[PDB]
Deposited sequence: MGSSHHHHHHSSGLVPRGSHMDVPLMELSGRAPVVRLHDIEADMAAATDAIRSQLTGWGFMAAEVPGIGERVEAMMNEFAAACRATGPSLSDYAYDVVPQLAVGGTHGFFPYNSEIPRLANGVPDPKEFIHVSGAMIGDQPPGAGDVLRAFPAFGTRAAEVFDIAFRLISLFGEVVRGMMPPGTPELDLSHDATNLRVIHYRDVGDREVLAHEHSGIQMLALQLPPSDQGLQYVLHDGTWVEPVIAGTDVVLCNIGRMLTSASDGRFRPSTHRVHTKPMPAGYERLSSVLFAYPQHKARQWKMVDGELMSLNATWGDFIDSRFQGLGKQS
């Protein structure tokens, strides 16, 4: 599979000028979505933070005082409506939701138990959530006039960090793939050929179209289908709108509100 270099070629988006740099990057990002099926930006300094956060997650995965299994999803308080946050034991991974970060009470306890990792995770979540909301504004700008705002929800969005680990697409609106520890993540292009973005140990983030946005755009943007081929840590932000909010669809340039909610779409 051909390597795809992105360092030094993707638009640069600085941590303290995110809104303005994403405005400047807008045309480059539109052209990536048109030309590739997924988007990319280089965020100087993001790699340092992600690598530290992942290394602290790896260390937490082996800790046996207030261990991570103590915060497995089935013993963590969950929202009445919404996805499932907490730790998923064994290949082993954690879902750090926006709700968890605001302690919505006791859901925040895994971050109190592992505050070094938890502080990095909250920091990465906030950066990733600002970036991905602006990616969503870019995609919205490519859709017909009258397209509603994506309304990605802070509390419904989650940062997944995977320890240890086929072609697939996410069910969410958008995802932001943060630089993983190792190479192997691969994306299919519009022509059906596979490429391997060079992202391990870089400052490059990728933005994935999810199947909610495929539905909302009525097939205009296919999901950013990808797979993972190895020879290990990875993190990704999965962004969702409010579960109770009403689905919509731009069909033939015309906005349509459906009876089903975004929560129904997931089921």
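- Sequence ranges 1-22, 113-126, 141, 203-211, 278-284, 321-330 have no coordinates in this entry (deposited sequence, numbered from 1, C-alpha basis).
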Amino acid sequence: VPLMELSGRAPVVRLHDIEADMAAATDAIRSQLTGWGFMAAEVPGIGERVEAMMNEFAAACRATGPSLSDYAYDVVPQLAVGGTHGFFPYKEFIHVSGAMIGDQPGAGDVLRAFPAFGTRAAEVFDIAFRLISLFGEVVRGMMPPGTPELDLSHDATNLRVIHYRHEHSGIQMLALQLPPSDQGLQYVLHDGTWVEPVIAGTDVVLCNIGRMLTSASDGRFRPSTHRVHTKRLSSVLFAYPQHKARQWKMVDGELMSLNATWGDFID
From here on, numbers count along this sequence of modelled residues.
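- Of the two segments examined, 92-100 and 142-150, it is 142-150 that shows the higher average Cα temperature factor in the deposited entry.
- Just going by the entry, 45-53 versus 238-246 on mean CA temperature factor gives the higher value to 238-246.
- Compared with the other modelled residues of the chain, the Cα B-factor recorded for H85 ranks in the lowest third.
- Placement of the Cα temperature factor of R165 within the chain: highest third of the modelled residues, per the deposited record.
- When the modelled residues of the chain are ordered by C-alpha B-factor, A175 sits in the lowest third.
- In this PDB entry, the Cα temperature factor of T64 sits in the middle third of its chain's modelled residues.
- Ranked by C-alpha B-factor against the other modelled residues of its chain, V75 falls in the lowest third.
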